[PDB]
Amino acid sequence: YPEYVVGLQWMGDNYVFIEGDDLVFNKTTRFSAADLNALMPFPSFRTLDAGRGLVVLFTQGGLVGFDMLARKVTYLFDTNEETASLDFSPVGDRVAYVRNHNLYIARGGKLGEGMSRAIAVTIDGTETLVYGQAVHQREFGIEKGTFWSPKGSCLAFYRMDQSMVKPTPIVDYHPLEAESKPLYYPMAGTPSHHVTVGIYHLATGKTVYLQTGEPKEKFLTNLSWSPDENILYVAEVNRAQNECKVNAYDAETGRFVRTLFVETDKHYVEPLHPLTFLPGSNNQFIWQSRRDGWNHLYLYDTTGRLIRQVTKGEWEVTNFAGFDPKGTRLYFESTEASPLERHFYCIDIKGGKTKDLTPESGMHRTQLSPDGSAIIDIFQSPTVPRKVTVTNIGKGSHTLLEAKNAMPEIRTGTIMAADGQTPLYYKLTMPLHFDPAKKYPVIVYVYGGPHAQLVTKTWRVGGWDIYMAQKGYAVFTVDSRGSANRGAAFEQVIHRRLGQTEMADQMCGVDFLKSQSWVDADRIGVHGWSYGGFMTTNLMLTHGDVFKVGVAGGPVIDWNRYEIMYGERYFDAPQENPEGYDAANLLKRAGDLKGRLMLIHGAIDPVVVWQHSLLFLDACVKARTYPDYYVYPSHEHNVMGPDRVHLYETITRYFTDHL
């Protein structure tokens, strides 16, 4: 992004993209918005079924399903205005959605055959009882709360009772009188919500619940249906997050059938992906697992027997793309070439050697065709803005677009972590018009938390580094330990001790900066958002002689006030780890603020609740220290859209005023 070839994707055996008013098909044909409009009763659509080229069009009056290969309307759907929770049946003729707390199924209507009223699956949804939506704070790969069986006979869905969770107020300041709504945000160490899984059987209109049993707090993750629809598999994770049991439940009655396998960890287990069945098989599936230190693909049968670890090595699978039609090969993205890069690979289901299908050094983003016969590859590197190719697998490529190259120079390299052994990768955005004779102020842009990696081999953070460098400030970033795509041992060093290693590694970044002659060692600043706001603030309080100025956005300040699921994975529960929580609790060290720090929060932030930065200002008042503040009353966790211009101006002016 930015997208040079709009909507580039597979439809049947054609790759497809938009060109203003046309939709262009190739294996060439065009389809105009006028051609299309004539068929209604180039616009935006959601692809439902790439293999069959079925999409849905969001229009003036409900949804219009459309077949792009046949060039024919499929169904019109009426979801009473609901679009966010839309989940279409794999059969393509029904859609589940949530409206006013309850789960519904709507049936599509064929062109001029009249409509039917939607079915209410649930009727007692409310504030404290949530149906059909993501649960467990969207941890464990959970992004939604509806799971159609693969032949469309059944709809599994979450039911979340959060009546035992003490809510946080989220205040809307726009009405005449401000209006508060409870957010049922379960904080570390507190009673969790109670999720159960229902299955609604369309033929009979019966609902059964899985008998997942006790404890009621157990995390029910990665729902995966058997291809024959008889079993619903669930990866269940305990409160300690050190055990994951993959269990089979009977879809008809809800009864527990068997435990397939159990994974455990010294620190935490974290399942993130569903079971994926082999093509044409009801008995074998791929499961992703980081159990050996590295995310890899495992071949299981459905009794729970492990056939083979299919991928292996000191590198990680970062996206599983699927199979060849016969199910004899796996396709996937990984870090095998470099953790700074992403390539697409093939491997035999029997394992052994990977074959890189996108060998150019840099970042490949790749889409395997419904065939399993070809790929779209989108490529960028420090020297290549965008290279979009289409390859018939092992039959030569065809380039579809290639982009050609005063701006800030970007330098990259490696420094040693604080253990003196682990290498860390860094990027350094140099002042515009950099003159090596001169001294320059510099800003550490830090994130440093799990699941993110900021330094990759890409077409050279959303460009805040560039803007700052245009103002004469170098910006440095290093992926310290805790960060992603470097295997588990590299990440899990932070367990029970948030901030400690991360800061020690960032101070290696500062040691490097200070080795540079052109760095003004007395003008070093720090900026980050979220976990990076936690880090910015911790760094100013911990290394006040070094960091003169920071801006911390949406910062975690007190981890006891972060959510149970993410928080307790990396930190354990507060009652189990008082020493670690206390060391990371920035409220306790507010008196050590001696530089200039601005905190920024969205007022309606439901991720890092506003309370975090407010209590920090409060602690500073008592401690007699002097931070600055800005609040975005209409924003949540991140400032999004045009208002991001105001954000960038506020942050950079703070630095140009004070650093």
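Quick note: we count residues from 1 along the sequence shown, nothing fancier.
Unmodelled deposited residues between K27 and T28: 4 to 9, per the record. In terms of unmodelled positions of the deposited sequence, the stretch from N405 to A406 in this entry skips 4 to 9 residues. Averaged over their C-alpha atoms, the temperature factors of 290-298 and 111-119 are higher for 111-119. Judged by mean Cα B factor in the deposited record, 387-395 ranks above the other of 509-517 and 387-395. In the PDB entry, the Cα temperature factor peaks, among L401, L541, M565, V208, at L401. Considering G528, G448, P186, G351 together, the PDB entry gives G351 the largest C-alpha B factor. Sorting the modelled residues of the chain by their CA temperature factor places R46 in the highest third. When all modelled residues of the chain are sorted by CA temperature factor, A251 is found within the middle third. For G591, the recorded CA B-factor ranks within the middle third of the chain. Only modelled residues enter the ranking. Ranked against the other modelled residues of its chain, the C-alpha B-factor of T264 as given in the entry falls in the middle third. Annotation for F655: C-alpha temperature factor in the middle third relative to the rest of the modelled chain, per the entry.
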